[PDB]
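Following: one structure in C-alpha cells, then a few remarks.
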Amino acid sequence: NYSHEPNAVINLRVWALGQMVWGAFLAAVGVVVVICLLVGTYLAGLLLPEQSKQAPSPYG
Amino acid sequence: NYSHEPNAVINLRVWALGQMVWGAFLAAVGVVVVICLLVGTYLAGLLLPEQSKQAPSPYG
Amino acid sequence: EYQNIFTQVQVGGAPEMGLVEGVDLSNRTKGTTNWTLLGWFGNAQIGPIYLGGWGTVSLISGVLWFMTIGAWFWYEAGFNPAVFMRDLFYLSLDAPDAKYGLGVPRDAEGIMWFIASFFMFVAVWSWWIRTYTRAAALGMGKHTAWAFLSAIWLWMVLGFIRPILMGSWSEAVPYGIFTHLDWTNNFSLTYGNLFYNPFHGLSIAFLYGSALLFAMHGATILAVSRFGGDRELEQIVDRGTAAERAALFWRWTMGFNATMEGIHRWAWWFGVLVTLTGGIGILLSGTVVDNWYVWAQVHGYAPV
Amino acid sequence: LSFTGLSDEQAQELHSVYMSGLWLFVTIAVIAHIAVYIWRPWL
Amino acid sequence: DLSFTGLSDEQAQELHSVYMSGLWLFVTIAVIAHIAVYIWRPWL
Amino acid sequence: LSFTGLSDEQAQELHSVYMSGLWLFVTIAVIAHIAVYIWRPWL
Amino acid sequence: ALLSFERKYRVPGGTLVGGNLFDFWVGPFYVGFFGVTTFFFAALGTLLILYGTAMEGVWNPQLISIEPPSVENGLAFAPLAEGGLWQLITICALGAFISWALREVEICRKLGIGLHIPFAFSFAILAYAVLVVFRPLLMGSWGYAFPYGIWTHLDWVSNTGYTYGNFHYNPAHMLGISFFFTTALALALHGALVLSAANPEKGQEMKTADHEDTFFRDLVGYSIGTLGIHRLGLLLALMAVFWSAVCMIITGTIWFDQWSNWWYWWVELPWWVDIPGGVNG
Amino acid sequence: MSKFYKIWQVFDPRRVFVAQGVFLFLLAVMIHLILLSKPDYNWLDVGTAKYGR
Amino acid sequence: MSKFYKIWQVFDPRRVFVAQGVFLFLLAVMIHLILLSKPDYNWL
Amino acid sequence: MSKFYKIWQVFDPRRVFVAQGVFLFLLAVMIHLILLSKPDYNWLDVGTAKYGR
Amino acid sequence: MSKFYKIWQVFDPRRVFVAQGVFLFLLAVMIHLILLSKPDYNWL
Amino acid sequence: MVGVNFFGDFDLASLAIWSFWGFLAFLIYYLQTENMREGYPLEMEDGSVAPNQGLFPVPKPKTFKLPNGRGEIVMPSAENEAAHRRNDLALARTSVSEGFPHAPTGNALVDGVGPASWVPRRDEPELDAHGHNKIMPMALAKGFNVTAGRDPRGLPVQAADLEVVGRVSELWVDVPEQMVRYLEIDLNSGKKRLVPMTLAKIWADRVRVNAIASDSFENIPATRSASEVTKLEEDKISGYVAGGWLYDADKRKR
Ligand SMILES: CCCCCCCCCCCCCCCCCC(=O)OC[C@H](COP(=O)([O-])OCC(O)COP(=O)([O-])OC[C@@H](COC(=O)CCCCCCCCCCCCCCCCC)OC(=O)CCCCCCCCCCCCCCCCC)OC(=O)CCCCCCCCCCCCCCCCC
Ligand code: BCL
Ligand SMILES: COC(C)(C)C/C=C/C(C)=C/C=C/C(C)=C/C=C/C(C)=C/C=C/C=C(C)/C=C/C=C(\C)CC/C=C(\C)CCC=C(C)C
Ligand SMILES: COC(C)(C)C/C=C/C(C)=C/C=C/C(C)=C/C=C/C(C)=C/C=C/C=C(C)/C=C/C=C(\C)CC/C=C(\C)CCC=C(C)C
Ligand SMILES: COC(C)(C)C/C=C/C(C)=C/C=C/C(C)=C/C=C/C(C)=C/C=C/C=C(C)/C=C/C=C(\C)CC/C=C(\C)CCC=C(C)C
Ligand SMILES: COC(C)(C)C/C=C/C(C)=C/C=C/C(C)=C/C=C/C(C)=C/C=C\C=C(C)\C=C\C=C(/C)CC/C=C(\C)CCC=C(C)C
Ligand SMILES: [Fe+2]
C-alpha cells in the first residue's frame with residue numbers, strides 16, 4: 001500500500017535514478033578499495049627504516 | 001516488462017532513495033533561488049554610483 | 001481565482017436616494033450621478049448629499065480659511081502667477097511672532113493666521129456636530145463623532161491648547177505644505193528626540209496597528225466574501241460560515257479570535273488612540289518635559 | 001497500535017532498509033571527516 | 001482505566017520501554033562526548 | 001464534584017505519580033545545588 | 001479547546017507540504033510543517049537575543065540591543081559577539097515570517113477561504129527585507145541595517161533620516177505617510193459606522209447597510225459600499241508599505257544628498273527661475 | 001495537604017503538564033543566562049581562567 | 001533498541017524520508033557555509 | 001517511577017515526538033552557538049591557533 | 001534529432017543506466033584528481 | 001510643570017503613561033470579552049463542555065432588536081448557539097486524543113463538512129430597510145440595467161475539469177448595494193442552479209468556475225423559490241462551491 005506511486009513517469013524516474021546510483025556506488029567502492037590499498041602501502045612504508053627512502057636511483 | 005524488479009527489498013530501497021533525493025532537490029532549488037536573489041542584488045548594486053558605498057554609518 | 005479586487009460586472013438602477021428616518025428631506029438633494037471608474041472599485045453612485053445648517057457653517061468658514069491662505073500666498077508671491085505656481089509648496093502663512101505672546105498679533109501675517117485659525121475652528125466643530133446629528137437623525141450610534149473627537153483633540157492640542165499653556169501662538173502650526181513639515185522637525189529637535197516620547201511611541205504603535213488591522217480585516221472579508229462576509233450586520237445577528245471561518249483562521253493562527261462585531265470594536269480604538277496618545281505626548285512636550293532623551297536616561301529606556 | 005496503517009512486518013522491512021542507508025551515510029561521513037582531519041584538523 | 005489517549009497499561013508499558021531505550025542511548029552518547037570534551041578542554 | 005471528569009481514585013493515582021516525578025526533579029536539583037555550593041558558593 | 005463550531009472544520013487536508021505528518025493541532029493552534037519551522041526559528045532567535053544581552057550584561061528589556069556588524073565588516077559574516085548574533089537572528093526572523101505566511105496559506109485552504117491575508121503579510125516581509133537584506137547589499141554592507149532593540153532602531157531611524165536632511169521631503173515617504181493616515185482614518189470610520197448601526201440609540205431597532213450608505217452619502221456625498229471599504233483599506237495599507245519600501249531602497253543607492261534639493265527642479269525650470277518674487281527670488 | 005490530588009478534579013493534566021514544562025524550561029534558561037552574564041559564575045570564563053586558557 | 005521499527009507505525013514513511021532529505025541537505029549547506037566563512041577552513 | 005508509563009495515557013506519541021525533536025535540536029544548536037560565541041571553546045579557532053594556521 | 005528514442009530499442013536501458021552511472025562517476029574522479037594535482041587548482 | 005517630581009522621578013508624564021497602561025489593561029479585558037459573544041462555551045470533540053473555558057469570563061447578555069419585526073436576538077445565549085448548531089455530522093474521529101482531525105465519512109460537498117460546511121442561518125431572506133428582499137433576479141428588479149462590464153448572460157460555464165455544463169441565464173443582484181452577488185445557470189441537465197459571482201470569473205467568451213468540476217454542478221442545493229433566496233440556501237450553496245478547492249482538486253486541470 002505504501003510505496004505505491006500512481007504515476008507512470010515518477011515510477012520510471014525513481015527506477016532509473018536507482019540504476020545510475022547503483023553503478024556510481026560500484027565505481028566508488030572500487031576507487032575506495034584502490035585508495036585504501038595504495039595508502040596502506042605508503043603507511044606501512046612509513047614503518048620502514050630510513051634507508052628505504054635513501055636508495056640510489058637506477059635512472060629509470 | 002523492463003523496470004520490473006523481482007526483489008521486495010530492492011524495490012523498497014530505490015523508492016526511499018527517490019523520496020529522499022526529491023526532498024533534497026526541493027531544498028537545493030530553494031537555496032539556489034535565494035542565492036540568485038542576493039547575488040543579483042549585489043550585482044545590480046555594482047551598477048550604482050560610487051556614493052552608494054560611501055554613505056556614512058548610522059552606528060546601528 | 002477571482003480575488004474580488006475589481007468588480008467584473010456592473011449593474012445599476014434608479015438611484016438610491018435615501019432612507020427617511022427623521023432626516024429633513026428638503027435639506028437633501030435629489031441629483032445623483034454614475035461614474036463607472038469607481039464602480040470598478042466601489043459603488044458608482046455619487047449620491048445625494050445633505051445640505052444642512054451645520055454643513056453650511058462648515059463650508060463657508062472653511063472656504064474662507066482656504067481662500068485666506070491663498071490670499072496671503074499671493075501677497076507673498078508678488079501677485080505673479082508663475083511665482084505662485086513655483087513657490088506654491090514653499091509658501092506659508094507662518095505663525096505669529098513670539099513677541100506678541102498670546103495677544104492678538106500686531107502684524108498682517110499674524111492676524112491672517114489668527115483669523116484663518118478661527119475659521120478652521122468653526123469649520124471643524126461644525127462638522128463634528130454634523131456627524132453627531134446625521135447619526136442621531138438616522139437613529140444610529142454616535143461612534144463616528146467620538147472617533148472624530150479624537151482627531152479634534154490632537155488638532156486642538158497643536159493649535160490652541162499647547163500654546164496657551166506655553167504662552168505663545170508661535171508654537172502653533174504654520175499653514176503650508178513644507179512649513180508644517182519643518183515645524184514637526186523643529187519640534188522634535190527642540191524637544192530632545194521625540195521618539196523618546198513614550199506617547200509618541202504609542203501613537204505610532206497604534207498607527208501601525210491600524211494598518212495591520214485594516215489589512216487583516218479587509219483581506220479576511222474579501223477571503224470570506226464568497227460566503228457573503230461582506231454583509232456583516234447580518235452575520236452579527238445571523239451567523240454563518242463566513243464569520244466562523246474567519247474566527248477559526250485567526251484562532252488556528254494566533255490562538256485568539258474575534259467576532260463580526262468585536263473586530264469593529266478593535267478598529268474604533270486603534271484608530272482613536274493614534275490621536276489620543278499623540279495629543280497627550282504633545283501637551284507634555286515643553287510643559288512637563290523640555291527634553292525627552294534625558295527623561296529616558298533618567299527613566300531607564302535610554303542609556304547614560 | 002498502528003497509527004499509520006503499517007504492521008510489524010512492513011515496519012521491520014522498512015527499518016532494515018532505512019538503517020542500511022543510515023550506516024552507509026555514517027560510513028561515508030566518517031571517511032570524509034577523517035580525510036578532513038588530515039587536511040585541516042580541528043582538535 | 002483512565003486513558004485520554006486510548007492506550008491501556010499494556011501498550012503504554014511497551015511504548016515506554018522502547019522510548020526509554022532510546023533515551024538511555026541518547027544519554028550514553030552525550031555522556032561519552034562530555035567526558036571527551038572534558039579531557040580536551042575542561043569547563044570546571 | 002469534578003470539573004474534569006476524574007474520580008477520587010484516578011486523581012489519587014495520578015497524584016502519586018506526579019509526586020514521584022516531582023520528588024525526582026527536586027532530588028536531582030538538590031544534588032546539583034549542593035555540588036555548586038561546594039564549587040562556587042553564592043552565600 | 002474547541003469552539004461550539006470548530007469541529008466540522010477540523011478536517012484533514014489543505015497542506016502545501018507534509019501530509020498526515022504534522023496535520024494536527026496543539027491547543028487552539030494549527031501546526032504543520034511550517035508551524036514547526038516558525039516555532040523553531042522564533043525560539044532560536046529569541047534565545048539568541050537573550051544570550052546576546054547576557055553576554056553584554058544588560059537585562060533591561062528596553063536597553064537590550066543586538067546591533068549589526070560594523071559597516072567596515074562589509075557583507076561578510078562576523079563573530080557572534082560583533083554581528084553574528086544579529087545575522088543569525090535575522091535569518092531566523094525571516095524564516096519565521098515566511099513560515100507564518102505559509103502556515104496561513106495551509107489554513108486558508110483548509111478553511112476554504114482566499115489567500116488575501118498572506119499576500120498582505122508578504123508586503124511587510126518585503127519591507128523588512130528591504131531594510132535588512134536588499135538595501136545593504138546594494139549599499140555594500142550589512143551594517144546599514146537596523147538593530148534589534150526597542151529604543152535603538154529609533155536611533156537608527158533618526159540618524160539614517162538626518163543623513164539626508166529632513167526625510168520628509170522624500171516623495172515616496174510622503175505617499176507612505178498619506179496612505180497610513182488615510183488607513184487609520186478609514187479604519188476608525190468603518191468601525192464607528194458598523195458599531196453605530198448595530199448599537200444604535202436606545203429604544204431603536206438594529207440598522208442595515210442601507211443606513212450606512214445613506215449616512216455617508218449625507219455626510220460627504222459618496223459611499224464606497226460594504227465591500228469597497230475593505231478593498232480600500234487593504235489597498236491603502238499595501239500601497240503605503242509599497243511606497244515605504246520604495247522610499248528606502250532609493251535613499252542611499254540612487255539618492256545621496258539632502259532630499260530638499262530634489263524639489264528644486266520645479267523652481268529651476270527656466271521660465272520662472274530668474275523671476276524675482278516669492279521664496280526663491 | 002491530604003487532598004491535593006483533588007486539584008486534578010479541577011484542572012486537566014494535559015494543560016497543566018505542558019504549562020509547567022514550558023515554565024520550568026524557561027525558568028532554567030533564564031537562571032542559566034543570569035549566571036552566564038555574571039562573570040563570577042560564568043563557568044566557561046572560570047574554567048578558562050582556572051585552567052589558564 | 002530492537003523495537004525502534006515501531007516509529008513507522010507512528011509517522012508516514014514517505015513524508016519522513018522527504019523531510020530527512022531536506023533536513024540533511026540543509027544541514028550540509030549550513031556547515032559548508034559555516035566553514036566557508038572561515039579563511040582557515042575555506043578551500044576556494 | 002514505576003508508573004511513569006501512564007504519560008502515554010495522557011499524551012499522544014506523535015505530538016510529543018514532534019516536540020521532542022524540535023526542542024532537542026533547538027537546544028543543541030543553541031549551546032553550540034553559545035560556545036562558538038566565546039573566543040575560547042570555539043573548536044574551530046582553537047584548532048586554527050594550535051596548529052598555527 | 002527527434003527519433004533518438006530509438007536507441008532504447010538497440011540497448012537494454014537498465015544496463016545503460018548503470019554504465020552511465022559508472023562512466024560519469026569515474027570521469028568526475030578523473031578530473032578532480034587532475035585538478036587536485038595542480039597547486040593552482042587544488043583547494044585542500 | 002517642568003522638573004516637578006511628585007515623588008522620586010515621577011512627574012505628570014510618568015503618571016500619564018502609567019494611567020495609560022491601566023486603561024489599556026481594562027480595554028483589552030473589554031475587547032477580548034466582547035469577542036466572546038459567539039462560540040462560547042468551549043467544547044471538546046465529544047460535544048461536551050470542557051474545563052478550560054478561558055481566563056476571560058463570558059460577558060453579560062445584550063440584545064439586538066431586529067428590523068422588519070424579525071424579533072429579539074440575545075448574545076451570548078443558548079438559543080443563538082443551538083440554532084446555528086449543526087447535527088448529523090458525517091465525521092469520524094481520527095484518534096481518541098484531542099487536537100487531531102475528524103475525517104469526512106462520505107461525500108463532504110454534500111455532507112456539509114470542512115470547507116464545504118454551512119451554518120443553519122434562518123430560512124428567511126435578507127431584507128433592506130423597506131422590507132423588500134435584498135437579492136432579486138435582475139428581471140424583478142425594476143429599472144436594473146447593466147451599466148458597464150461584460151454582460152455574462154448567455155455565456156457558457158466552463159468548470160474545473162475544463163468541461164462545459166450550461167449557460168448563464170439571469171443575474172441576482174443586491175438592489176440596495178447595486179451589485180451582482182449570484183449568477184444563475186441553465187444547466188444541460190435541465191436544472192437551474194446558482195453560483196456566487198465571487199467564485200466565477202467572467203472571461204470574454206465564457207465564465208470559468210475553477211472551484212468545482214462538472215459532476216458537482218448537478219448536486220448543488222436548489223432554491224424553493226425562483227425569485228428569492230434565503231440566507232440558509234446561500235450558505236449551503238456557497239459552502240458547496242467553495243469546498244471544491246479541496247475536494248474536487250484531483251479533477252481540476254490546467
Ligand atoms: C492613577 C490612575 C490609574 C489608572 C486609571 C484607569 C481607570 C480605568 C477605568 C475604566 C475606563 C475604561 C474606558 C473604556 C470603556 C469604553 C468601551 C467602549 O468601547 O464602549 C463602551 C460603551 C459604548 O457603548 P456602545 O456599545 O457604543 O452603545 C451605546 C449606545 O447604545 C449607543 O452609543 P451612543 O452613540 O449613544 O454613544 C457612543 C459611545 C458611548 O459613550 C458615550 O456616549 C459617551 C462617551 C464619552 C464622550 C465624552 C463625554 C462628554 C463630555 C466630554 C468632554 C470633552 C471636552 C471637550 C469639549 C466638548 C466636546 C463634546 O460609545 C463609545 O465608544 C464610548 C467610549 C468613548 C470614549 C472616549 C473617546 C473620545 C475621547 C477622545 C479624547 C478627548 C478627551 C481627552 C482625553 C485625554 C485627557 C488627558 O459605553 C460605555 O460602556 C459607557 C461610556 C463610557 C464613558 C466614558 C468613560 C471612558 C473614557 C475613556 C477615554 C480615554 C481616557 C484616556 C486614558 C487615560 C490617559 C492618561
Ligand atoms: C522628524 C520629526 C519627528 C516627528 C514629529 C512629530 C510631531 C511633532 C508629531 C508627530 C506625530 C505623529 N507622528 Mg511623527 N515624528 C517623527 C517620527 C515618526 C515616525 C517614524 C517612523 O519615524 C512615524 C511613523 C511617526 C508617527 C506619527 C503619528 C503616529 C503621529 C500623528 C498621527 C496623525 O494622525 O497625525 C495627523 C493627525 C491629525 C493632525 C488630525 C487632524 C484632523 C483635523 C480634523 C483635520 C481638519 C481637516 C481640514 C479642514 C482639511 C480639510 C480637507 C478637505 C475637506 C479634503 N512619526 C519624527 C522623529 N510626529 C503627532 C503626535 O501625535 O505627536 C506625538 C505630532 O504632532
Ligand atoms: C541558555 O541556557 C543554557 C542553554 C546555557 C543552559 C540550559 C540548558 C537547558 C535548560 C537544557 C535542558 C535540557 C533538557 C531538559 C533535556 C532533556 C532531554 C531529554 C528528556 C531527552 C529525551 C530523549 C529521548 C529520545 C531521543 C528518545 C528517542 C526514542 C526513539 C528514537 C524510539 C522511540 C520509539 C517508539 C515510541 C516506538 C513505539 C511506538 C508506538 C506507537 C508503539
Ligand atoms: C513595590 O511593591 C513591593 C512589591 C515592593 C511591595 C508590595 C507588595 C505587595 C503589594 C504584595 C502583595 C501580596 C499579596 C496580596 C499576596 C497574597 C498572597 C496570597 C493570597 C497567596 C495565596 C496562596 C495560595 C496557595 C498557594 C494555594 C494553594 C492551594 C493548593 C495547592 C490546594 C489545591 C486546591 C484544590 C485541589 C481544590 C480542591 C478542589 C475540589 C474540587 C475538592
Ligand atoms: C528574578 O527571578 C529569579 C529567577 C531570579 C528568582 C525567582 C524565581 C522563581 C520565582 C522561581 C519559581 C520556581 C517554581 C515556582 C518552581 C516550581 C517547580 C515545580 C512545581 C516543578 C514540578 C515538577 C514536576 C514534575 C517534573 C512532574 C513529573 C511527572 C511525571 C513525569 C509523571 C506524569 C504523570 C503521570 C504519568 C500520571 C498519569 C496517570 C493517569 C491515570 C492518566
Ligand atoms: C488658487 O489661488 C486661490 C487664492 C484662488 C486659492 C488658493 C488657495 C490655497 C493655495 C490654499 C492653501 C492652503 C493650505 C496650503 C493649507 C494648509 C494647511 C495645513 C497644512 C495646516 C496644518 C496644520 C494646521 C493646524 C494644526 C491648525 C490648527 C489650528 C487651530 C486648532 C485653530 C484654533 C484656534 C486658534 C489658533 C485661535 C482662534 C480661536 C478663537 C476662539 C477665535
Ligand atoms: Fe468590516
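Letters for chains follow the order of the C-alpha cells (A, B, ...), residue numbers begin at 1 for each chain, and ligand numbers begin at 1 in the order shown.
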
Check which residues fall inside 9 Å of ligand 6 when counting only C-alpha atoms and all ligand atoms, and print them as a PDB file with C-alpha atoms, in the first residue's frame.
ATOM      1  CA  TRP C  65      -9.954  79.648   5.584  1.00  0.00           C
ATOM      2  CA  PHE C  66      -8.706  78.211   2.287  1.00  0.00           C
ATOM      3  CA  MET C  67      -9.074  81.453   0.356  1.00  0.00           C
ATOM      4  CA  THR C  68      -7.463  83.449   3.156  1.00  0.00           C
ATOM      5  CA  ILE C  69      -4.371  81.294   2.974  1.00  0.00           C
ATOM      6  CA  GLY C  70      -4.415  81.644  -0.786  1.00  0.00           C
ATOM      7  CA  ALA C  71      -4.626  85.407  -0.439  1.00  0.00           C
ATOM      8  CA  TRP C  72      -1.543  85.541   1.728  1.00  0.00           C
ATOM      9  CA  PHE C  73       0.134  83.149  -0.697  1.00  0.00           C
ATOM     10  CA  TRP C  74      -0.487  85.639  -3.477  1.00  0.00           C
ATOM     11  CA  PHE C  84       2.625  81.224  -7.103  1.00  0.00           C
ATOM     12  CA  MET C  85       2.860  78.024  -9.136  1.00  0.00           C
ATOM     13  CA  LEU C  88       3.399  77.063  -4.046  1.00  0.00           C
ATOM     14  CA  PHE C  89       4.843  74.428  -1.718  1.00  0.00           C
ATOM     15  CA  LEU C  91       4.948  79.377   0.709  1.00  0.00           C
ATOM     16  CA  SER C  92       3.394  79.691   4.116  1.00  0.00           C
ATOM     17  CA  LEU C  93       1.010  81.608   6.302  1.00  0.00           C
ATOM     18  CA  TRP C 113      -3.084  83.290  10.678  1.00  0.00           C
ATOM     19  CA  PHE C 114      -5.272  84.064  13.683  1.00  0.00           C
ATOM     20  CA  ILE C 115      -8.358  84.569  11.528  1.00  0.00           C
ATOM     21  CA  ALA C 116      -7.762  81.531   9.330  1.00  0.00           C
ATOM     22  CA  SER C 117      -7.499  79.577  12.556  1.00  0.00           C
ATOM     23  CA  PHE C 118     -10.795  80.957  13.817  1.00  0.00           C
ATOM     24  CA  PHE C 119     -12.361  79.782  10.567  1.00  0.00           C
ATOM     25  CA  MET C 120     -10.845  76.313  10.917  1.00  0.00           C
ATOM     26  CA  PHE C 121     -12.161  76.173  14.485  1.00  0.00           C
ATOM     27  CA  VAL C 122     -15.683  76.950  13.342  1.00  0.00           C
ATOM     28  CA  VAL C 124     -14.149  71.533  12.330  1.00  0.00           C
ATOM     29  CA  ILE C 152     -10.001  67.125  17.037  1.00  0.00           C
ATOM     30  CA  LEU C 154      -4.801  66.365  18.611  1.00  0.00           C
ATOM     31  CA  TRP C 155      -5.570  69.241  16.257  1.00  0.00           C
ATOM     32  CA  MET C 156      -6.573  71.457  19.168  1.00  0.00           C
ATOM     33  CA  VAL C 157      -3.573  70.443  21.245  1.00  0.00           C
ATOM     34  CA  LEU C 158      -1.456  71.658  18.353  1.00  0.00           C
ATOM     35  CA  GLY C 159      -3.224  74.892  17.518  1.00  0.00           C
ATOM     36  CA  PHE C 160      -4.940  76.169  20.651  1.00  0.00           C
ATOM     37  CA  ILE C 161      -4.151  74.409  23.914  1.00  0.00           C
ATOM     38  CA  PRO C 163       0.460  77.177  23.072  1.00  0.00           C
ATOM     39  CA  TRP C 169       0.964  81.422  19.357  1.00  0.00           C
ATOM     40  CA  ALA C 172       1.289  76.685  16.640  1.00  0.00           C
ATOM     41  CA  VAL C 173       1.493  75.208  13.189  1.00  0.00           C
ATOM     42  CA  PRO C 174       2.042  77.235  10.011  1.00  0.00           C
ATOM     43  CA  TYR C 175      -0.328  76.751   7.117  1.00  0.00           C
ATOM     44  CA  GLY C 176       1.980  75.465   4.415  1.00  0.00           C
ATOM     45  CA  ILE C 177       2.882  72.235   2.714  1.00  0.00           C
ATOM     46  CA  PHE C 178       6.553  72.238   3.629  1.00  0.00           C
ATOM     47  CA  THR C 179       6.492  74.603   6.574  1.00  0.00           C
ATOM     48  CA  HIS C 180       4.356  72.323   8.712  1.00  0.00           C
ATOM     49  CA  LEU C 181       6.863  69.565   7.976  1.00  0.00           C
TER      50      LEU C 181
END

Determine, using only C-alpha atoms, which residues of chain H have any atom at most 10 Å from an atom of chain J, and tabulate each with its shortest atom pair and distance in Å to one decimal place, rows ordered by chain and then rising number, as a tab-separated table.
residue	atom	partner	partner_atom	distance
H:12	CA	J:10	CA	9.9
H:13	CA	J:10	CA	7.5
H:14	CA	J:10	CA	6.5
H:17	CA	J:10	CA	9.5
H:18	CA	J:11	CA	9.9
H:44	CA	J:41	CA	8.1
H:45	CA	J:40	CA	8.5
H:48	CA	J:40	CA	7.6
H:53	CA	J:40	CA	7.7

For the selection just defined, write its residues with C-alpha atoms to a file, as a short mmCIF file (atom, residue, chain, number, x, y, z; two decimals), in the first residue's frame.
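Output contents, as saved in again-v3.cif:
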data_model
loop_
_atom_site.label_atom_id
_atom_site.label_comp_id
_atom_site.auth_asym_id
_atom_site.auth_seq_id
_atom_site.Cartn_x
_atom_site.Cartn_y
_atom_site.Cartn_z
CA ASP H 12 -6.84 18.95 33.17
CA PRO H 13 -3.48 17.16 33.33
CA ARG H 14 -2.64 17.80 29.67
CA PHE H 17 1.76 19.34 32.19
CA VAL H 18 2.52 21.40 29.11
CA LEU H 44 33.03 28.94 30.89
CA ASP H 45 35.14 32.00 31.66
CA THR H 48 39.18 29.35 31.12
CA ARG H 53 43.45 29.48 28.65
#

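Counting only C-alpha atoms and comparing L:234, L:98, L:248, L:88, the residue that lies closest to chain H is L:98.
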
Neighbourhood of ligand 2 at 7 Å, counting only C-alpha atoms and all ligand atoms, reported as a PyMOL selection string: (chain C and resi 62+120+123-124+151-152+154-155+158+184-185+187-188+193-195+199-200+203-204+207+274-275+277-279+281-282) or (chain G and resi 157-158+181)

Enumerate, in order of chain and increasing residue number, the residues of chain J with an atom no farther than 10 Å from ligand 3, each with its shortest atom pair and distance in Å to one decimal, counting only C-alpha atoms and all ligand atoms, as JSON lines.
{"residue": "J:8", "atom": "CA", "partner": "ligand 3", "partner_atom_place_in_ligand_line": "41 (C)", "distance": 9.7}
{"residue": "J:12", "atom": "CA", "partner": "ligand 3", "partner_atom_place_in_ligand_line": "41 (C)", "distance": 8.8}
{"residue": "J:13", "atom": "CA", "partner": "ligand 3", "partner_atom_place_in_ligand_line": "41 (C)", "distance": 6.5}
{"residue": "J:14", "atom": "CA", "partner": "ligand 3", "partner_atom_place_in_ligand_line": "41 (C)", "distance": 8.2}
{"residue": "J:16", "atom": "CA", "partner": "ligand 3", "partner_atom_place_in_ligand_line": "36 (C)", "distance": 9.7}
{"residue": "J:17", "atom": "CA", "partner": "ligand 3", "partner_atom_place_in_ligand_line": "36 (C)", "distance": 8.0}
{"residue": "J:20", "atom": "CA", "partner": "ligand 3", "partner_atom_place_in_ligand_line": "22 (C)", "distance": 6.9}
{"residue": "J:21", "atom": "CA", "partner": "ligand 3", "partner_atom_place_in_ligand_line": "26 (C)", "distance": 7.8}
{"residue": "J:23", "atom": "CA", "partner": "ligand 3", "partner_atom_place_in_ligand_line": "16 (C)", "distance": 8.3}
{"residue": "J:24", "atom": "CA", "partner": "ligand 3", "partner_atom_place_in_ligand_line": "18 (C)", "distance": 6.7}
{"residue": "J:26", "atom": "CA", "partner": "ligand 3", "partner_atom_place_in_ligand_line": "4 (C)", "distance": 9.8}
{"residue": "J:27", "atom": "CA", "partner": "ligand 3", "partner_atom_place_in_ligand_line": "4 (C)", "distance": 6.5}
{"residue": "J:28", "atom": "CA", "partner": "ligand 3", "partner_atom_place_in_ligand_line": "4 (C)", "distance": 8.3}
{"residue": "J:29", "atom": "CA", "partner": "ligand 3", "partner_atom_place_in_ligand_line": "4 (C)", "distance": 9.5}
{"residue": "J:30", "atom": "CA", "partner": "ligand 3", "partner_atom_place_in_ligand_line": "4 (C)", "distance": 6.4}
{"residue": "J:31", "atom": "CA", "partner": "ligand 3", "partner_atom_place_in_ligand_line": "4 (C)", "distance": 5.5}
{"residue": "J:32", "atom": "CA", "partner": "ligand 3", "partner_atom_place_in_ligand_line": "4 (C)", "distance": 9.3}
{"residue": "J:33", "atom": "CA", "partner": "ligand 3", "partner_atom_place_in_ligand_line": "4 (C)", "distance": 9.8}
{"residue": "J:34", "atom": "CA", "partner": "ligand 3", "partner_atom_place_in_ligand_line": "5 (C)", "distance": 7.1}
{"residue": "J:35", "atom": "CA", "partner": "ligand 3", "partner_atom_place_in_ligand_line": "5 (C)", "distance": 9.2}

Specify as a list in words all residues of chain F found within 12 Å of chain J, counting only C-alpha atoms. residues 10, 13, 14, 15, 16, 17, 18, 19, 20, 21, 22, 23, 24 and 25 of chain F

Residues up to 10 Å from ligand 7, counting only C-alpha atoms and all ligand atoms: could you list those as a VMD selection string? (chain C and resid 214 217 to 218 220 to 221 229 to 233 260 to 261 263 to 264 267) or (chain G and resid 187 190 to 191 193 to 195 226 to 227 229 to 230)

Could you list the protein, DNA and RNA residues that have any atom within 9 Å of ligand 1, counting only C-alpha atoms and all ligand atoms, and write them as JSON, numbers by chain? {"C": [125, 129, 132, 135, 136, 140, 141, 142, 143, 144, 145, 146, 147, 148, 149, 150, 151, 152, 153, 154, 265, 266, 268, 269, 272, 273, 275, 276, 277, 279, 280], "G": [192, 195, 196, 198, 199, 200, 201, 202, 203], "L": [15, 16, 17, 18, 19, 20, 21, 22, 23, 24, 25, 26, 27, 30, 31]}
